[PDB]
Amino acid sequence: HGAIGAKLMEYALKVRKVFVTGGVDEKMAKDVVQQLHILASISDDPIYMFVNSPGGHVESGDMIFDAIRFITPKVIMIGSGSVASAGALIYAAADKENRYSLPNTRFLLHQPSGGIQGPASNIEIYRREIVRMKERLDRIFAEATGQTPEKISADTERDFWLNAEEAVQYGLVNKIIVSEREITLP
């Protein structure tokens, strides 16, 4: 399937569309980041990103988030199906006015804390990274939604899901759409 995927990749790049489908792992993040940088070098025109993901590696979500924020082109974010954990972090990288959702999309902002591994010598090092990461994520979603970090931290549990209309009221989604014609470019 590599040959088919490579061919679809090439065509998707030519039409400035990026797909984040399924679990976010290092292989996807590596491909998505390069795609974004390639597209940004080709033109400043918008890039369309389609997200339908149940979660994945947070460092992989972080890489995509950082690349979206880094490049000059605006990323038009279309969420569908489930947008959970690493997928929701990715979704939040786009500017508010460019965040769309289909009517049936469900959003989960909680990020799994992950597992520790390594020497016990450096447990203090592990502690501060846990605190730092939670505080970073709270600020990201607070800034993305207009909520306070405390509200984000309080609201964000393992089972706090938002449907598309709830995500609009919460500040995560700008507009619910069913057709690409309903997108308004900046």
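Numbering starts at 1 and runs along the sequence shown.
- Stretches 107 to 115 and 90 to 98 differ in mean CA B factor, with 107 to 115 having the higher one.
- According to the PDB record, 122 to 130 carries the higher mean C-alpha B-factor of the two stretches 35 to 43 and 122 to 130.
- When the modelled residues of the chain are ordered by C-alpha B-factor, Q147 sits in the highest third.
- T156: CA B factor in the highest third of modelled residues in this chain (values from the PDB entry).
- Ranked by Cα temperature factor within the chain, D62 sits in the middle third according to the deposited record.
- Compared with the other modelled residues of the chain, the Cα B-factor recorded for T21 ranks in the lowest third.
- Ranked against the other modelled residues of its chain, the C-alpha B-factor of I183 as given in the entry falls in the lowest third.
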